[PDB]
Amino acid sequence: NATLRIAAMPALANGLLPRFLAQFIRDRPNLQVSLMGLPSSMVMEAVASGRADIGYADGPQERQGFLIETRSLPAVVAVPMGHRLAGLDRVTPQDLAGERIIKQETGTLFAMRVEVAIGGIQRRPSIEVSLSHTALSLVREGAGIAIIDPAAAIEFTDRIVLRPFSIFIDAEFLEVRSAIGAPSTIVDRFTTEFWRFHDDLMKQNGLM
Amino acid sequence: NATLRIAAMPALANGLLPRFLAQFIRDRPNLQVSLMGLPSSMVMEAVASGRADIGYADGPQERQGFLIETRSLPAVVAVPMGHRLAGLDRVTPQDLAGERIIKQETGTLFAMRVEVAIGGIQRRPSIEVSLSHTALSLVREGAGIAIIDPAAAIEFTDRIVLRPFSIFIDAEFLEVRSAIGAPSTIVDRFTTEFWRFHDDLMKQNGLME
């Protein structure tokens, strides 16, 4: 009960999770925590094999053998400060014509659906990245714009403007636990308080 | 129709490279760039197979068949803003006594050597991570301390403090190119201009002398 082993996709594992963990451990100085950043596929493996107590991954995943909590967050467009797209309430694919859109080969279903959504839109030669965080870094430095999940965006909210994407595309987050896992109060408390933290943070910023 | 393909380890791929890339591409409007984050082992394969023009990996690495430029910088101690250790000139292992030191299990020789250097110090039950960026996030959020390479932590210096580590553990960065690969002026430009960008920034913060 003084053990908390977490496996998560690098998205949450590098943003919202360390942020919430910092608050969660204030009560518990003797708590031994492991926060491992893994691909979504290996996150499922870590939970199933018992190497991790909680798993966080990108949907979709096969549910057999797992207890799963889910969230769906609409796609948003991230633009530099003062960019003309900040003048809109809702950004369409056509509004991206002639922009330098950062392409994200992250391997998620979300990223793929996003790229086809803007498949016929004229654009300048891209910068193709492999991480959502890297894309946002380039937008912050003014190298272009990106289409993302809002959870990845929230730690860039000061130097970057967000707008809802006109195409209805949701990013699905999974909280994963083993259906035959060991009863744990600390895991119950963490998973419960994290979603509350997540939901409150997203709703406060008009992202949910 | 020039395309630049760069594979890099988390240390440079997450911070310094994107920041430099934004500057490098602004007056090259029709230049197409790919920046793929990969493990150091996969970076070597990316360069060896031609799937990447330039490679950036942790050291040491199998040199045979490559053209490699080397950087080596001392390990620094990353503490939260206003932490007690921020008032010290150098941080000794004994100075880290009773501190929450985020354990980094990244597979690098640097991180492994680091964990050996502080294995004789009694730490609080810390937080284990597999990503150096996760450790830096935790330091920023005030969750603990971390010994890390300066080039990966330089992007976090807005909210964290870097102090010299009294044990001289050097992180080795490699610029990797195919010895067989055809000559390229855009690559010659990027590689040398990046190192000047890297060196200047490290010197500006006393992380390089």
# chains A, B, ... in the order shown; residues from 1 in each chain; ligands from 1
$ interface_residues --of "chain B" --to "chain A" --cutoff "7 Å" --atoms "only C-alpha atoms" --output "ChimeraX atom specification"
/B:14,18-19,22,30-37,125-131,133-134,137-138,141-143
$ select_by_dssp --residues "segment 67-100 of chain B" --states "helix (DSSP H, G or I)" --output "count of residues only"
8
$ atom_distance --atom1 "atom CA of residue 175 of chain B" --atom2 "atom CA of residue 6 of chain B"
10.5 Å
$ select_by_dssp --residues "segment 2-209 of chain B" --states "strand (DSSP E)" --output "MDAnalysis selection string"
chainID B and resid 3:8 32:37 54:58 66:74 76:80 103:104 127:129 146:148 160:164 170:178
$ write_last_selection --atoms "C-alpha atoms" --output "short mmCIF file (atom, residue, chain, number, x, y, z; two decimals), in the first residue's frame"
data_model
loop_
_atom_site.label_atom_id
_atom_site.label_comp_id
_atom_site.auth_asym_id
_atom_site.auth_seq_id
_atom_site.Cartn_x
_atom_site.Cartn_y
_atom_site.Cartn_z
CA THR B 3 14.75 16.82 -47.46
CA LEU B 4 16.65 16.62 -44.16
CA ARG B 5 16.22 13.51 -42.01
CA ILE B 6 17.48 13.64 -38.43
CA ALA B 7 17.24 10.88 -35.83
CA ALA B 8 18.14 11.75 -32.24
CA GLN B 32 11.49 19.84 -45.70
CA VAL B 33 12.65 18.46 -42.35
CA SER B 34 12.11 15.23 -40.42
CA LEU B 35 13.08 14.92 -36.75
CA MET B 36 12.60 11.41 -35.36
CA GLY B 37 13.14 10.64 -31.68
CA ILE B 54 22.22 12.82 -39.30
CA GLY B 55 22.25 10.94 -36.00
CA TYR B 56 22.56 12.10 -32.40
CA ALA B 57 23.12 9.40 -29.80
CA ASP B 58 24.44 8.83 -26.29
CA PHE B 66 30.65 6.03 -39.11
CA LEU B 67 31.87 9.63 -39.09
CA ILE B 68 31.50 11.00 -35.58
CA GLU B 69 31.99 14.33 -33.82
CA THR B 70 32.02 14.29 -30.02
CA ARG B 71 30.79 16.51 -27.20
CA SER B 72 31.36 15.75 -23.51
CA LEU B 73 29.76 17.80 -20.73
CA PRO B 74 29.84 17.38 -16.92
CA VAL B 76 24.80 18.83 -13.13
CA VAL B 77 22.40 18.71 -10.20
CA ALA B 78 18.90 19.95 -11.05
CA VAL B 79 16.98 21.39 -8.10
CA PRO B 80 13.65 23.24 -7.84
CA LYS B 103 16.15 7.71 -10.01
CA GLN B 104 16.61 7.71 -13.78
CA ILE B 127 10.47 8.42 -7.70
CA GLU B 128 11.68 6.01 -10.39
CA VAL B 129 11.43 7.13 -14.02
CA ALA B 146 17.92 14.84 -10.26
CA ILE B 147 21.47 14.45 -11.54
CA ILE B 148 21.38 14.91 -15.30
CA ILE B 160 14.74 25.03 -12.12
CA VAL B 161 18.34 25.58 -10.98
CA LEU B 162 21.50 23.83 -12.20
CA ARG B 163 24.51 23.30 -9.93
CA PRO B 164 27.88 21.62 -10.66
CA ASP B 170 30.78 13.27 -18.32
CA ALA B 171 27.86 12.70 -20.67
CA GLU B 172 29.01 11.92 -24.20
CA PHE B 173 27.05 13.20 -27.19
CA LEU B 174 27.76 11.89 -30.68
CA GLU B 175 27.06 13.44 -34.07
CA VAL B 176 26.64 10.44 -36.35
CA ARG B 177 26.97 10.29 -40.14
CA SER B 178 27.35 7.53 -42.73
#
$ residues_around --residues "segment 48-55 of chain A" --least-positions-apart "6" --cutoff "8 Å" --atoms "only C-alpha atoms" --output "list in words"
residues 4, 5, 6, 7, 8, 65, 66, 174, 175, 176, 177, 178, 181 and 187 of chain A
$ closest_residue --among "A:149, A:158, A:89, A:45" --to "residue 170 of chain A" --atoms "only C-alpha atoms"
A:149
$ residues_around --residues "residue 169 of chain A" --least-positions-apart "2" --cutoff "10 Å" --atoms "only C-alpha atoms" --output "count of residues only"
16
$ residues_around --residues "residue 85 of chain A" --least-positions-apart "6" --cutoff "10 Å" --atoms "only C-alpha atoms" --output "ChimeraX atom specification"
/A:77-79,91-92,95-96,145,161-163
$ atom_distance --atom1 "atom CA of residue 102 of chain B" --atom2 "atom CA of residue 209 of chain B"
27.3 Å
$ closest_residue --among "B:185, B:75, B:29, B:115" --to "residue 152 of chain B" --atoms "only C-alpha atoms"
B:75
